[PDB]
Amino acid sequence: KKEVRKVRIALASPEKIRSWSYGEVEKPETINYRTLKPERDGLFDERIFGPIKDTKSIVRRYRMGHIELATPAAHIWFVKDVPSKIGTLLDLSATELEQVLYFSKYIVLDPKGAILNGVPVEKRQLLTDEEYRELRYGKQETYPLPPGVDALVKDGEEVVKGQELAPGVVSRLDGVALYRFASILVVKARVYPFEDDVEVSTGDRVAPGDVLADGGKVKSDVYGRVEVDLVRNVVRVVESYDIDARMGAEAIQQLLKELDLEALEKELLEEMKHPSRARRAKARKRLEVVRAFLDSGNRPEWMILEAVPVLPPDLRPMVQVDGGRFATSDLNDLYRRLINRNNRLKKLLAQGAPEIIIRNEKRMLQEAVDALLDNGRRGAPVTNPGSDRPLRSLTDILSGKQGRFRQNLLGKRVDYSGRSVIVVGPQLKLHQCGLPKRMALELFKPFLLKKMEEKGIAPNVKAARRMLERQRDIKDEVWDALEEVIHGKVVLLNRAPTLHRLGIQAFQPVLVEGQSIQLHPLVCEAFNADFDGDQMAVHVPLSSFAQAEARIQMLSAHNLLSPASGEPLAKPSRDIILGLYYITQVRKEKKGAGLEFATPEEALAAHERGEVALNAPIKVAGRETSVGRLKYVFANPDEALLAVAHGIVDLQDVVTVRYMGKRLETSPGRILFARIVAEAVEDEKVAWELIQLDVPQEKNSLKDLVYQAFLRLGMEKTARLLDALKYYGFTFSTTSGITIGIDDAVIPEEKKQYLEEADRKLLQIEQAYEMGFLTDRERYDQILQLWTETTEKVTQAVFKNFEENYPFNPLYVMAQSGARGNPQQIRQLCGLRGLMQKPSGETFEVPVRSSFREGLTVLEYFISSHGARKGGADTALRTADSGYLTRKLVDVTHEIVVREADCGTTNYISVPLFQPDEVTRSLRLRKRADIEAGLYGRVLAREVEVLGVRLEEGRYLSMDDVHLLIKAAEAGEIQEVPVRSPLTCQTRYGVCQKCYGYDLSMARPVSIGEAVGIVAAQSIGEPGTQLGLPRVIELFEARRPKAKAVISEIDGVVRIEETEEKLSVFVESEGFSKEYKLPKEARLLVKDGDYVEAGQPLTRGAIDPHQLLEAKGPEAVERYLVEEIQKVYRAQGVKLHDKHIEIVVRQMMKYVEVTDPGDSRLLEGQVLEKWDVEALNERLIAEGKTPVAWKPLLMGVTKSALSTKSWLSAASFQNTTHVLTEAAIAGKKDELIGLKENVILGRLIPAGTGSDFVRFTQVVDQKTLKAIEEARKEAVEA
Ligand SMILES: [Mg+2]
Ligand SMILES: [Zn+2]
């Protein structure tokens, strides 16, 4: 019942394994082919895993078995991890020593080693088993003797080298040769005769000084075993004492049993505090392991495993494919192999012990356990021979690109989904999408079944399915049921590359006849989907709760503004823009008569007579008014438009119309546009005030109109305005007749002489190059400058020509309006595409004189093919590169969610209003877009009054406030604005509403509980696809730029010495001077004698963020990073707000490394807030003034993503093995904070609706409220 908050991962005791499992499996018989039921106690046995029939089969998913190995085993992760957990807990070498002990046959033994073989005492040294059992039993040399011969050697003869033991036998070392009847026994032992009782009997191993026999007469002199022979009444003392011997895991277990963590910890402390850093680094590397083992409970004794758990059968099922053959998970094969090996070991130990065979089968079992735990690390165990496909192990199931972690994180398949090609849906409103009738019928199939079961169409659901199974039985009643089903439902449309949040959009389906999905044209840019045939997909959420989600916050009618900025995305598109520009344009032709009209009053009649003739046009360029203004005057807009309907005057003709209160000299087109705006909305005074009816409706004007309407009216009215505006734009674009012919690409004639002049100039330049006054580089620069100047001159001439001569040219009308094209494209069409770049990256000397209006020569087309190929390849790579960048960003910033009470942050950031450096030393107000992206939607840190207006502290900066601040800065009152920011928020995991701000899909302040981190990452990454990018990569991944710029770290004065070898700049201070050397290519930007501060760039180039943080501090480098990121984004024309960059930069520098240790080690770095809390506890909450002096560490996006307190995300991110091992050494209570973890958990995501702030909210109607409240007051008795 209680909510899961922490997941603790830890190690298992053998008792824990026994309690966990329900019985033991000991046959290698999963299931026989004949008996499809579980055969015997094997891997699928019935009574041990739960019944296979109908508790459910989920016990066979939950209940697990176990194997009680007679021989202990150690987990492969703790022996093969890069830091060998046993190899770092113990003093053992991982690469060979640990494996050779744990698989092969060597000896490890602590207690005693003073026995000498030319080598001093042993404390923890390794000796091979061979010399071990040599030293175990003294010195053995044997030489047989023929029977029936009493040789010259007696039972106690001493023998040295060179002595003839026989006529042909010679020994090898000095010692004693014992005689048997029947051999000679050479030993390096000591014999001792005696004549009294024995104190040490046969078998005992004795130390010097201990009594051997005969009381004090005879005492021991060396270590070794004692053998008493009563035939000669003598003691032989071999040199072999009682010495410990263990093999394999039990030995390790012995080690782990004999190792105590507390004394180990103290001696590690001593071994790290005393010497230099060289040993203490690895001392900490193993001391963290020791502290984790000690502080987390679980002792390392069971860190090697005795009872192996057995996976429930349904997690590894053998399921039939065809013809009796069973497809199996390799886990079953590995378990069968392990069971067979264990049973072989069991019966082997039961029957007899051939020692070499026992060692061999111990190695066999250990390798089998290794393979079971994971395959590939030691050899490549494979399936039955002939199929060289490596078996799949537990690590393979968990880890890998397609594993348990990496397959729930995507969920590549969904049930209620479809896809189709999309077509324009202009007849639909913005909150609708056209759905083909067949996919609409099949998608809601259960809904259809239930709804037509509500009526009498079919008796039951089975009859319904059988009737609908064929389309020959369709009826119009079925279609009525269909339209009944989806009256209120919505579906989610999805584009395959989902670069941002708007790639998923809810819609209301409308039944249509056809194959394709009809899409509203206005969302043609929300999706990056054209109509060249590319497809788009549809999903259908089932639960009414999810329907509420989609209809409320994912419905497209409600998301009209970007999350990346305040700009709208539902702005009128190309066609509507062209139509409305055509309807609200005013022409102008000619005045060949006396234009003076203000003076003469007979000029009204005189020029009316002139207009009767051809003296002056109806739209004449009169001094004060056109004769059209005089001739026609309209009481109402209706009269003007009705007179237009009678063809008297066009929609583009100026005329005096008496509007609601004034006489306006406008065209009926502009009046009609104002009428459309006023009809789409309810009130007209507001509509009249929020439009600009004296200029053509260019795309910027439409965008401003839409934004203002959104601000002042809200959601529904803006949507209706967009619908009506699009509809009228379409109709007037149709009836107006905009068309493109070959003659529309008019060629201005004046440019011709321009070319000649350019040509002439080339000649002198060529002559200037012929005389040798110019070098190749400067000549190329001169030619490039001349051509790029004359191209601009020709473009200016082209636009002047289009203005003067043909106001209504289709190319010119779409250039002026925001429909399509750029001046460069129009110049290519009509003028000349002069400069064409070379494959090397430079530009050809010979330009392209021709245009597409004329014909290109073969060579010119062949040359332009180079640039075509370059652009194609660039796009084809940058697509995937930008996707990968977005992946990095979302991984690092997925923890940021606005859950908050307003944090008491007495801190802020001062957003500049003047560019610190637009020239070398000058201040100018930042570009309006820049100030908007820095200030719009922020919160004022403290009250400011600039122009007689009191902007109180805590007031969100709306668009009007930003404009007012910009105007004030223009006047010159303030230069910086103090604002709250995420960079200074004190919220633990996320930001507060005040520190975050005000920009959203809406304008209102952000709701508490939305993952602003994910949308931040998406807004950063989406423009990257159409974007340079290496700079962005090297900035979010904190790296060392190759073009490093020399900077200062201390304030002082600049002393530039012009040493020709290397320019030496001296930062001079009172007590010290710093010197920097600049090579020939290092072009500085400072002047001698200038005052210089910390972090001031001495040379031109990029700045390493790490050294900048070292010099100035966190805030300075944060501002530098944000500005540098914004630089490239502005350079590409993409408008992006700074909230997202600030969020990622804050997540980038949430790590500090302490320097003065407190209650833990010093040279360790992790989350800053942890020392925030810990310093609060150490200094204030608890006693003990130990300052945990930390330094902020700046690491790239990747490293910050990797090092996380939670281990779920780390396991799902890079490598499950090492991460899980680390999280297993210490019981890691993973808090379910962060979003990726709760995705893996599949539970309610913390962000959005799943925020505990809104997760539960009792709701009750009013009448039941009165009932329950009456029960309440009657519950209060008396
Ligand atoms: Mg396409
Ligand atoms: Zn805050």
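- For this coordinate set, the PDB header names cryo-EM as the determination method and states a resolution of 3.4 Å.

Remarks on the overall build of the protein chain
Argument step 1. Scanning the protein chain for helices and strands turns up 47 helices and 40 strands.
Argument step 2. For the protein chain, the spread of C-alpha atoms along the principal axes amounts to about 165 × 100 × 90 Å.
Argument step 3. Across the 1278 residues in the protein chain, those meeting the buried criterion constitute 45%.
Argument step 4. On the protein chain, roughly 67,800 Å² of surface is accessible, and the fraction owed to carbon and sulfur atoms is 53%.
Argument step 5. Between the centroid of the 183 positive side chains of the protein chain and the centroid of its 189 negative side chains there is a distance of 4 Å.

Re helix α12 (residues 355–373)
Argument step 1. For α12, with 19 residues, the first-to-last C-alpha span of 27 Å sits near the 27 Å given by 1.5 Å per residue.
Argument step 2. Every buried residue of α12 is listed here: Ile358, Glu361, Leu365, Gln366, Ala368, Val369, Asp370, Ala371, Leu372 and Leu373.
Argument step 3. In this fold, the buried residues of α12 make contact with β2 (65–74), α6 (94–102), β15 (304–310), α11 (330–351) and α13 (394–398).

Concerning the packing of helix α23 (residues 637–645) against helix α24 (residues 668–680)
Argument step 1. Packing of α23 against α24 leaves a shortest axis separation of 10 Å and a crossing angle of 125°. Here α23 lies oblique to α24, going by the angle between them. Considering how the two elements wind past one another, α23 and α24 form a crossing that is left-handed. Facing α23, whose interface residues are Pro637, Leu641 and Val644, α24 presents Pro668, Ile671, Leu672 and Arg675.
Argument step 2. Counted by class, the contact of α23 with α24 contains six nonpolar, no polar and one charged residues.

Side note on the pattern of salt bridges
Argument step 1. Using the criterion set out here, one finds 66 salt bridges in the structure.
Argument step 2. Across the pair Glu134 and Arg133 runs a salt bridge whose closest N-O atoms are separated by 3.9 Å.
Argument step 3. In this structure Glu134 comes out as partly exposed when scored by relative accessible area, which is 28%.
Argument step 4. The salt bridge involving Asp174 is made with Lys161; its shortest N-O contact spans 3.6 Å. On the criterion of sequence distance, the pair formed by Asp174 in the loop between β6 (157–159) and β7 (175–179) and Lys161 in the loop between β6 and β7 is long-range, its members being 13 residues apart.
Argument step 5. Residues joined in a network through salt bridges with shared partners are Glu46, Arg60 and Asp314.

Section: the coordination of the magnesium ion (ligand 1)
Argument step 1. Every protein donor of the magnesium ion (ligand 1) is accounted for by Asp530 (OD), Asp532 (OD), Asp532 (OD) and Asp534 (OD), and the metal-donor separations fall at 2.0 to 2.5 Å.
Argument step 2. Mapped onto the sequence, the residues coordinating the magnesium ion (ligand 1) show the spacing D-x1-D-x1-D.
Argument step 3. Taking the relative accessible area as the measure of exposure, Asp530 reaches 38% and is therefore partly exposed.

Things to note about the packing of aromatic side chains
Argument step 1. For the coordinates displayed, the defined rule picks out 10 aromatic pairs.
Argument step 2. Note on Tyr102 and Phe103: the rings are 5.1 Å apart at their centroids and 85° apart in plane angle, and the pair reads as edge-to-face. Of the two residues examined, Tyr102 and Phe103, each falls in the buried class.
Argument step 3. Through pairs of rings, three or more aromatic residues link up here, namely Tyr727, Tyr728 and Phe732.
Argument step 4. Over the ring of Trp479 we find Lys437; its NZ or CZ atom is 4.1 Å from the centre of that ring.
Argument step 5. A cation over a ring is seen here: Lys793 above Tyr754, with NZ or CZ 5.2 Å from the ring centre.

Topic: a nonpolar patch on the surface
Argument step 1. Residues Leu1176, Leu1180 and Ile1181 make up a contiguous nonpolar surface patch of about 330 Å² in total accessible area.
Argument step 2. Here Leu1176 lies in helix α41 (residues 1168–1181).

Brief notes about the side chain of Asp110
Argument step 1. In this structure, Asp110 sits in the loop between β3 (106–108) and β4 (126–128).
Argument step 2. Within polar-contact distance, the side chain of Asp110 engages the side chain of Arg124 at 3.0 Å.
Argument step 3. Those residues in contact with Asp110 that lie beyond four places of it in its chain are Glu122, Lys123, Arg124, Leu255 and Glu258.

A short note on the coordination of the zinc ion (ligand 2)
Argument step 1. Taken together, the protein donors to the zinc ion (ligand 2) comprise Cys903 (SG), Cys985 (SG), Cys992 (SG) and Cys995 (SG), at separations of 2.3 Å.
Argument step 2. Considered as a linear motif, the donors of the zinc ion (ligand 2) on their single chain read C-x81-C-x6-C-x2-C. One end of the pair, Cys903, is in the loop between α32 (858–892) and β27 (909–912); the other, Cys995, is in helix α35 (residues 993–996), and 92 residues separate them in sequence.
Argument step 3. Residue class for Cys995 comes out buried when judged on its relative accessible area of 0%.

Thoughts on a negative patch on the surface
Argument step 1. A surface patch of negative charge is lined by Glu195, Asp196, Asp197, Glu199, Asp204 and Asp210.
Argument step 2. Inspection of the secondary structure assignment puts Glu195 in the loop between β9 (190–193) and β10 (205–206).
Argument step 3. In this structure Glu195 comes out as exposed when scored by relative accessible area, which is 60%.

Examining the environment of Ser240
Argument step 1. Mapped onto the fold, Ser240 is located in the loop between β14 (234–237) and α8 (248–258).
Argument step 2. Remark: the alpha-carbon pair of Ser240 and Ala189, spanning 51 residues in sequence, is separated by 9.2 Å.
Argument step 3. Leaving out residues up to four positions away in the same chain, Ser240 has contacts with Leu135, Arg136, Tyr137, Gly138, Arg205, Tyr223, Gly224 and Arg225.
Argument step 4. For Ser240, the side chain forms a polar contact with the main-chain oxygen of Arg136, separated by 3.3 Å.

A few points about the nonpolar core
Argument step 1. In terms of nonpolar packing, the biggest core is built from 68 residues, with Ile86 and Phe293 touching the most fellow members.
Argument step 2. The next biggest cluster of nonpolar side chains, apart from the first, holds 57 residues, and it includes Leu502, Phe710, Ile974 and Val979.

Digging into the sheet that holds strand β36 (residues 1091–1092)
Argument step 1. The strand order across the open sheet formed by four strands is β35-β34-β33-β36, and the pairing between neighbours is antiparallel. Pairing within the sheet leaves two strands with one partner each, and these edge strands are β35 (1073–1078) and β36.
Argument step 2. Bridge analysis of strand β33 (residues 1052–1057) against β36 gives two bridges, and the strand direction is antiparallel. Pairing of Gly1052 across the sheet is with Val1092, part of β36.

Some words on unusual backbone geometry
Argument step 1. Although it is not a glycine, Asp214 sits at a positive phi angle of roughly 60°.
Argument step 2. Within the secondary structure, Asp214 is located in the loop between β11 (211–213) and β12 (218–219).
Argument step 3. With phi around 55°, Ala1278 is a residue other than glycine that occupies positive phi space.
Argument step 4. The topology assignment puts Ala1278 in the segment after α47 (1262–1275).

Quick look at α41
Argument step 1. Relative to the 20 Å expected for 14 residues at 1.5 Å per residue, α41 spans 18 Å between its end C-alpha atoms, a close match to the ideal helical length.
Argument step 2. Those residues of α41 that sit buried are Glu1169, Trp1171, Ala1175 and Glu1178.
Argument step 3. For α41, the elements touching its buried residues are β37 (1151–1154), β38 (1165–1167) and β39 (1190–1193).

Overview of the sheet that holds strand β24 (residues 633–634)
Note: strands within a sheet are paired through backbone hydrogen bonds, in either parallel or antiparallel orientation.
Argument step 1. Strands sit in the order β24-β25-β26 across an open sheet of three strands; the sheet is mixed. With one partner strand each, in any of the chains shown, β24 and β26 (663–666) form the two edges of the open sheet.

A look at the environment of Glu639
Argument step 1. Along the chain, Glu639 turns up in helix α23.
Argument step 2. Along the backbone, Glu639 and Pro668 are 29 residues apart, and their C-alpha atoms lie at a distance of 9.8 Å.

Topic: the packing of helix α28 (residues 750–770) against helix α29 (residues 776–805)
Argument step 1. Running from N to C, α28 and α29 point in directions that differ by 170°, and their axes come no closer than 10 Å. On the basis of their axis angle, the class for α28 and α29 is roughly antiparallel. Where α28 abuts α29, its residues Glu750, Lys751, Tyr754, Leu755, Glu757, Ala758, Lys761, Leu762, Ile765 and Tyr769 lie against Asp776, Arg779, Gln782, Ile783, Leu786, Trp787, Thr790, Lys793, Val794, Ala797, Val798 and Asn801.

Analysis parameters
- Residues numbered from 1 in each chain as written, not as in the entry; some residues may be left out.
- Chains lettered and ligands numbered in written order.
- Part of a larger assembly, values for the part shown.
- Heavy atoms only, no water.
- Helix = DSSP H or I, 4+ residues; strand = E, 2+ residues; numbered from the N terminus.
- Buried < 20%, exposed > 50% of the residue type's maximum accessible area, 1.4 Å probe, protein only.
- Areas by Shrake-Rupley, 256 points an atom, 1.4 Å probe, with all protein chains shown as cover.
- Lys, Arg positive; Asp, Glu negative; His and termini not counted.
- Charge placed at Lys NZ, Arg CZ, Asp CG, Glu CD.
- Expected span 1.5 Å × (residues − 1).
- Contact = heavy atoms within 4.5 Å.
- Axes fitted to C-alpha atoms, helices over the stretch in contact; angles between N-to-C directions.
- Parallel < 35°, antiparallel > 145°, perpendicular 65-115°, else oblique.
- Left-handed = near helix turned anticlockwise from the far one by under 90°.
- Nonpolar A, V, L, I, M, F, W, Y, C, P; charged D, E, K, R; others polar.
- Salt bridge = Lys/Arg side-chain N within 4 Å of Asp/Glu carboxyl O.
- Donors = N, O, S within 2.8 Å, 3.2 Å for Na, K, Ca; no water.
- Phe/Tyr/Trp six-rings, centres within 6.5 Å; stacked < 30°, edge-to-face > 60°.
- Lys NZ or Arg CZ within 6 Å of the ring centre and 35° of its normal.
- Patch = residues over 30% accessible without salt bridge, like charges linked within 9 Å, V, L, I, M, F, W, Y side chains within 5 Å.
- Polar contact = N/O pair within 3.5 Å; in protein donor to acceptor, adjacent residues only side chain to side chain.
- Core = buried A, V, L, I, M, F, W, Y, C linked by side-chain atoms within 4.5 Å.
- Pairing = 2+ DSSP bridges.

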